[PDB]
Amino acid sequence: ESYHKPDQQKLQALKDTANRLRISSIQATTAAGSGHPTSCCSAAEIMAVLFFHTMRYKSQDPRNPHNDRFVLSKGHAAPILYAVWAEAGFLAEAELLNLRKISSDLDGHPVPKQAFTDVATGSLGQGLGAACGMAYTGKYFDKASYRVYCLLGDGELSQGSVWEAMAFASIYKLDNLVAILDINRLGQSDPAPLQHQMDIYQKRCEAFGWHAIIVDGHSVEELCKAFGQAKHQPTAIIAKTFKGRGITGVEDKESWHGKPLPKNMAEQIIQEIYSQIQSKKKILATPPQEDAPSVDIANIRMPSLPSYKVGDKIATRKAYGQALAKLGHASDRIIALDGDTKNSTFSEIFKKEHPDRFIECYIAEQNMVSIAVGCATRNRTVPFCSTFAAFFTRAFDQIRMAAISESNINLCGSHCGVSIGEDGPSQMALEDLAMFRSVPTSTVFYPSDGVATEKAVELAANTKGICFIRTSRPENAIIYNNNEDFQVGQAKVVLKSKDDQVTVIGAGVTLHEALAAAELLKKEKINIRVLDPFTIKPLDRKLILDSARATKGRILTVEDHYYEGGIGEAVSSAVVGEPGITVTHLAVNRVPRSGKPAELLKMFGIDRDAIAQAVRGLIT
């Protein structure tokens, strides 16, 4: 469709719109007593032109799948986002004045309780990665005409995650993606490093494969023109702006970031801005081409039961890849992402079978998580991203923000614990249960054999929120029948007798060590009950307690994880105060070191012999 070259009246209306957006940003933040009007004002022309000339969207249906996407990466400019959606007719204008109130959903930074927000922002440097996922989805999955626009701050460009996204977009030729850089010179507490050295921003963008255009970010005409030309590459509109533009005496000054105008000043400034507005008549949004496809919403089911055999040996990391590939044959919604570890996590199996739905994210875990979040928006795909669980610590802020974004993503982290052996602690996940348990929307699966792994993959696919699956390197025996029923929050008793003296809770390699301990102890005429949690969060408190009551109240937890935040603490917190119940923990007490898997389980006190000794100690 042809560019509509605006006449002077349309240009003036865009200026009038920009100034209305300034006024609202000031009014709202002065009413609240907090917020970031100067960060809004540098972006006012950008916002006016995007929403009232360039973008195509249904103003009354912001989540519509055919719409262009807008991502406010500099989320503290929320008041101007709210203002455009009022200008577009979706929000009531009076509601803007309720910014930041407990009685409003116009919160301090954008959040998905707002129909016009897909991802929460507020932690800087994450929006472009989400936008890349949206754009990748648009070009390669939806195969639709929508475009994706992401507005970033200049201080924000100091985040490495932004540059991961830049690189991703050029690798994947996201010519439906536009990044708008609000180069307003200043950060929060000092000038941004490059200030108004526009040429250096251009060189950095070009070196990362983008088409880069420097503009006057306060010229509505230059913005219309620059946004009106599609390219064959991701495009960076590098906008020279002034922080607090239009606020006389504040424009281009330090000491104003995140400071509202006092009421007396707001009144005077608003009168001046209003004097520049030529007409009250608002521009209307223009609707999109409706070419996004339908997506099915039904539950996704494995095409058959697991086909393992009891006694066969397989590492849960390999079972994950097998199960994910299997699930991919059941539904085209499943996509897989991995950060140059596909041969070790076994997501390569999925790539072999379903290459068009695998996204290689390279060694950039922060961006990988953001891509997944973007791909999941508007329920367009069901993503499974994988790496070593240790390296999900590199993406914790993205995971944290994903929960604030109410995102439905699945994350599988392999190589947990000391049982990986020789690579040593840099590769050992020993804090991932702590990390993922702290994510409020999380479900944490810790499958102990191949059957449980396949069931965890299936359950995760159909579970909302942040699903984490912890996989392991050692080959361990299949212990479950492949028709064993598995559910979130339901544990399994895998060994019992009427004369059990301790309930031992293990998972993954420590479940198998507990079973080996039981065999050692039978020689001493000591029986133990062995319990496999299946999910660490939520925890089957009832079965744990019922088990403990059959074993003299005694629970022993054993885990290939640090003491804090893991299985032992979860269990302790669940049962504390219950009469006659005791909980004893075995876990890894310090940074480990290289050795064979069995040697490290021994050294760190979580193998069969440590378990047996702890049991004997409890009995006496």
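Numbers for residues come from their place in the sequence shown, where the first is 1.
206 to 214 and 155 to 163 differ in mean CA B-factor, and the higher of the two is recorded for 206 to 214.
The stretch with the higher mean CA B factor, choosing between 98 to 106 and 287 to 295, is 287 to 295. Of the candidates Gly565, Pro592, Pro37, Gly580, the one whose C-alpha carries the top B factor in the deposited record is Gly580.
For the set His257, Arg437, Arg147, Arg333, the PDB entry puts the maximum C-alpha B factor at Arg333.
Remark: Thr503 belongs to the highest third of its chain, ranked by C-alpha B-factor as recorded. The PDB entry assigns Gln188 a C-alpha temperature factor belonging to the lowest third of its chain's modelled residues.
Per-chain ranking of the deposited C-alpha B factor places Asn264 in the middle third. In this PDB entry, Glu524 carries a Cα temperature factor that places it within the highest third of its chain's modelled residues. Among all modelled residues in its chain, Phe168 ranks in the lowest third by Cα B-factor.
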